[PDB]
Each structure stands twice: as C-alpha cells, then as structure tokens.
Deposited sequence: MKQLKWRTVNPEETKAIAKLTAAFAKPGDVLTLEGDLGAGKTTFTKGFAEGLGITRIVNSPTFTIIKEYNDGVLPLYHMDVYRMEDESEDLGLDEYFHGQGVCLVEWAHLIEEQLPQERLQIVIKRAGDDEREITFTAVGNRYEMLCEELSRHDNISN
C-alpha cells in the first residue's frame, strides 16, 4: 500500500512490472523515477508504455525534456529533467493534465513536483540485477499500490 519492492535480473522483468503498473494508472497520475544513468528508468517507461497500448518506440527524452504519446488508452507524458539546467517549459499542465506523467530524475525539480506522487527508485544490484522500490505518497498512490500488489 505505501511501499512495494521487486528485484529483477533482466530488462524484460523490469518492463513486466511497469507493464502491470500501467493497468492501474488513472488520469492525473504522476510517477517519478530515480537512479543512475543506465539503472533502467527509461526501460521501465518502455514497459509502462506497452501497458498503455502504445506501439511506437518510447526512447530516452533527455534532449527534449518532455515527450508526449497519445495513442495509448491514457496519454503518456514522459519526462527526463537531467538537462533542465540548459532549458518556461510549463511542466505543470502535464503534471495536472488528464494523462500519466513518468518523470526521470524528478528530484532535480523537487520544488516543481506535485506534493503527491508514486516514487520509483531503481538501484543497481549486480550486473543485470536491479532493486526497484515503489514508495506511495498520497492516498491515490496508496490506492494504486494496493491494487498492484493484490493482482501482482
């Protein structure tokens, strides 16, 4: 309900968690993603997009900050603020829009984030092994983790 944890040994397992998470996404959800470069934040997003029914490739949006995908069952607003110091962008319309936001490196703009979010931390744990921790902030995300673990 408040925290969930997984360990994965390949990118497909990481996408599989994200795929399932997307079944419980609702308009206005904001998911944050943290971890090293190469940890798997964008890989997670690729599986999340599969879960929403998006067929086109979902690649790292590092050099545009934001990428929109509208063909899924819910609009996906994929963000990476790694390069924000070089970018105003009005991320607020997306955060409180009718889609779902996945925000890589979100803590770099902590003060612009909505107070409530689902925080996803991807930690390296050996070669192709990752440890993924969901931390729910807000009743909505406690609700979401409730459903996810029940159907997990």
* Asked: For this chain, which runs of the deposited sequence have no C-alpha coordinates, given in order from the N-terminus?
  -> 88 to 89, 155 to 158
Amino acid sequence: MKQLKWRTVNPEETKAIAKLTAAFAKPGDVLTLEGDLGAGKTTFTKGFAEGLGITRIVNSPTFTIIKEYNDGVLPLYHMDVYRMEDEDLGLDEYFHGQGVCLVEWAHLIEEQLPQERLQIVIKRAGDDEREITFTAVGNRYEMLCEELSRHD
From here on, numbers count along this sequence of modelled residues.
* Structure fact -> The stretch whose C-alpha atoms carry the larger average B-factor in the entry, 116 to 124 or 42 to 50, is 116 to 124
* **Higher-scoring stretch by recorded Cα B factor average, 91 to 99 or 104 to 112** => 91 to 99
* Asked: Mind checking which third residue 21 falls in for C-alpha B-factor across the chain?
  -> lowest
* Asked: Going by the entry, which third of its chain does the Cα temperature factor of residue 14 land in?
  -> lowest
* Taking the C-alpha B-factors as the PDB entry records them, is residue 28 in the lowest, middle or highest third of its chain? -> middle
